[PDB]
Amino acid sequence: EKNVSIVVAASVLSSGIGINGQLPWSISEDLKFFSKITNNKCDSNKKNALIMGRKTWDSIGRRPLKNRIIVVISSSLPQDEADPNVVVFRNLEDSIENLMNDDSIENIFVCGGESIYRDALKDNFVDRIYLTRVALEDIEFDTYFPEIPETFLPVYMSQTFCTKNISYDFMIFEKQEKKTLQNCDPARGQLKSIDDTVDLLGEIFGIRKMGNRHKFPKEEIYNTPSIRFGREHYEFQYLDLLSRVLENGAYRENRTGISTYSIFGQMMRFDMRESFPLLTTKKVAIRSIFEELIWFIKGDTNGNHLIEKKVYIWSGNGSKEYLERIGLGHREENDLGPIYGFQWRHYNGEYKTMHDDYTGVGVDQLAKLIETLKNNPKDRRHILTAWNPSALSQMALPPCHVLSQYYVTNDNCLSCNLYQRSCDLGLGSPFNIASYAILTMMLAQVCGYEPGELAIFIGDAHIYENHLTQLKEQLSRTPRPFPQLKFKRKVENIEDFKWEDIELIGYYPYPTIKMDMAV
């Protein structure tokens, strides 16, 4: 019994794998991967065999692949004796006897040809699938990878990588299904003694055992459950936080009329070197995000300007009825007060109205941040805060993304940490992630660095009860590789960034999911 694995790279949406006898893209790391995986073996005295259709054989230029043995499936091609590393077979089944002998052949790989893939799957010959998902979907394709039969489940999904601005994943599908329930927590199943003890200890003490307060998500609320030990894609950092509160979230009321399910003190990590963290399990409005960010950067507090750029999130907390209700009825229709941005560019500035000219008043943190970031990178005080005890009363809403710290790595990457006191996982969080990611990129370009990592620390992480069905739907979608975000020009001053300067490359999200805010 030998192993038969499929190795293929197909576009994320339509599974395109070829065009006019060539790959529809050029990513060397993937050729490099293909080589590593199909060469990977245990017995130095054996070799792996790569099965492939004749046309694919033509693609390779009919030249052997070092250390391996190529098996071509063709009805015409002569069954030569010449090359000992290349052998021909008349049908796919007969070829797969590599098993039934050639104990010299350690592993088998179905290397391609829509025809050979489709047949390999149909005749149930393959055990595993190594799928490289490539993020370019509006180009011509004439060859495809068949749909993965249900008997196959994903067990791994790598983070997103970039090459020539093209995003791509690496995931492994295994043909499993001799099971039952099976625990999603990867910590269990290692050794019964630990599991039994923990369970019993769990029975004796209850809510007293901290672990019981942090129960692991039940399968039905865990995204792509089959990937148990390979949830490497960072979008799982958010999807899993979602599952975690759905599982442990305490039901509780709040200032808005809609109750939430919340847990306190959570974390999310996101790579920004090889991709941009814009959720794919739901379409996210990047323009709106951007427009709110430069708004902050400018130190603007006039909610009209946002409405004008057709961004309406601050309308609710900007309305005359809301301001009246929170004791700011003297305030104009959309004068949000000394909120973010005002604190960013004018910390402690004495606020009057959204019209006054604050040039010169207060402390300009953003400015200092940028200045300190490039003149003293290793410094441990690169901080930006919006929490001003003295201004709170005048704000239409207290700062949620309360404080952020920046770090310049030794390899000149710029990372960012953000502490968020309150976080609406269903509506806001997706936007916060993207927002601070962009801000970091901007700060990086301006200070001559490149994006590093983004870590987010949440205080009250919650889900509004009116988002339950939406988030359940979102959780049913398997993540796609993150897109790439690039600036079209090098701005000189951070506030010069314009929408046109931004490029969102390779974003292929699932349809948007409507979720209403609580005023």
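Residue indices: 1-based, along the sequence shown.
- The stretch 492-500 shows the higher mean C-alpha B-factor when 492-500 is compared against 10-18 in the entry.
- Legend: mean Cα B-factor per stretch from the PDB entry, 358-366 versus 225-233; the higher mean is in 358-366.
- The entry lists C-alpha B-factors for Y436, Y449, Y347, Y156, and the highest of these is at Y347.
- Set against one another, the Cα B-factors of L239, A396, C423, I172 in the record reach their highest point at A396.
- Residue-level temperature factors show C42 in the highest third of its chain, judged at the C-alpha atom.
- Compared with the other modelled residues of the chain, the Cα B-factor recorded for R380 ranks in the middle third.
- Ranked by C-alpha B-factor against the other modelled residues of its chain, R128 falls in the middle third.
- Ranked by Cα temperature factor within the chain, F296 sits in the middle third according to the deposited record.
- Sorting the modelled residues of the chain by their CA temperature factor places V408 in the lowest third.
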